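One structure below.
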6 protein chains.
Amino acid sequence: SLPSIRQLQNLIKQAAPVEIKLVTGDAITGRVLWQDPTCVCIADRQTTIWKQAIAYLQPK
Amino acid sequence: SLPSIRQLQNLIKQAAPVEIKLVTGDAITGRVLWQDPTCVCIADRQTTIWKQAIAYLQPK
Amino acid sequence: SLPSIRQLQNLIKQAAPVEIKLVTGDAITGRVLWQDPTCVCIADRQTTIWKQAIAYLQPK
Amino acid sequence: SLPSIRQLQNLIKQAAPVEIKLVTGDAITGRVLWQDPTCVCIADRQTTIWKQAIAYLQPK
Amino acid sequence: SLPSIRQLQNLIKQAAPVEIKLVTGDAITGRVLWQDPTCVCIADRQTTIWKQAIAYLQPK
Amino acid sequence: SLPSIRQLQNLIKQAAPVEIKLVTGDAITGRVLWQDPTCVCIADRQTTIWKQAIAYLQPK
């Protein structure tokens, strides 16, 4: 899974802001800190997300 | 998984348009740019979809 | 997983019509084209489904 | 998975009636005809359930 | 997975009452009979649950 | 999974407070007592969460 790990990598690398739409309706406005197999960390209060409640992600 | 990967592969090769219905209820209109084990990328603003929120896909 | 692969097999083999109830409320009225590990293809516009948004399926 | 498979096995062996509550909210009243790694089959019209939409099962 | 199997074990061992909140809104009031890889059995009519519709569990 | 396990590990080591947002919409306010491959345990009444209903976690 390169093209997906790599986006996050290049977006933790440049601090770049992001909306993560959780399957809840949770539009999470943050800057990505880190990721790992099961989760992502978002920086607003911090809010670690489970990559599994993830519908879709976009660069703002 | 050839029958599905060949559909995404022949649709990123055509830039053919597509709706992807998410499990939130999201209809994601756009053209497919890449796929991987976990994501699809549509282009209309770019939006990478976790393939795991996907209900269904239709060519338009 | 014989008794499930086999139903689809015998229903792609006879073109036989089918309602697939997605966990969304999406009653998909089609005729099944193919399947494979992760998805099903339904023929109405085509609509590939992720076997994972699948609640239940019935022969009409 | 013996405790669960023995319950479905002793219920298809009795044709005992059953409700299966789906994660859509569906109550599926019927008698169990087969099971497999992914499906259960109820008989009331037949409806094969993806075992993955199952909330819970009760003998009636 | 010790600390979770062990709770159920020690709660099937003492018959102890339990509310299991399914991801449906299904607060299941029971006493736990057994468990196994994929499901739990609850004793009210019995109601086998799929450990997968499970949000959270509490001793009453 | 070090980035996530080290966050739960450094939060059970501090008894630091926490909200865990479930995929039901539940906000679970409390302090973390243990974790395992499938569960987290919060303490406010105790409530073990199946980690699989987790949308996201925030330190407060």
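Just so you know, these numbers use all the heavy atoms, side chains as well, and skip hydrogens, waters and symmetry mates. The chains referred to below are lettered A, B, ... by the order of the sequence lines, with proteins before strands, and numbering in each begins at 1.
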Identify each donor-acceptor pair in which a side-chain atom of residues 15-28 of chain F lies under 3.5 Å from a protein atom, sequence neighbours left out, and give them as a table.
{"unit_1": "F:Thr24", "atom_1": "OG1", "unit_2": "F:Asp26", "atom_2": "OD2", "d": "3.0"}

Linked, directly or transitively: B:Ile42 and B:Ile5 (ILVMFWY side chains, under 4.5 Å): yes
Working for side-chain contact (heavy atoms from CB on, under 4.5 Å), residues C:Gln35 and C:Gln9: CA-CA 8 Å; C:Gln35 55 116 150; C:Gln9 300 227 309; 3.8 Å; yes
Heavy-atom check, side chain of A:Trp34 versus side chain of A:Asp36, under 4.5 Å: no
Rounded distance (nearest 0.5 Å) linking atom CG of F:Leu33 with atom SG of F:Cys41: 5.0 Å
Rounded distance (nearest 0.5 Å) linking atom CG of D:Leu8 with atom NZ of D:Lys13: 11.0 Å
Identify every side-chain donor-acceptor pair in residues 45-60 of chain C under 3.5 Å, counting partners at least two apart or on other chains, and give the distances.
{"unit_1": "C:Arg45", "atom_1": "NE", "unit_2": "B:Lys60", "atom_2": "O", "d": "2.8"}
{"unit_1": "C:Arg45", "atom_1": "NH2", "unit_2": "B:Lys60", "atom_2": "O", "d": "2.9"}
{"unit_1": "C:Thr48", "atom_1": "OG1", "unit_2": "B:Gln7", "atom_2": "OE1", "d": "2.9"}
{"unit_1": "C:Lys60", "atom_1": "NZ", "unit_2": "C:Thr29", "atom_2": "OG1", "d": "3.1"}

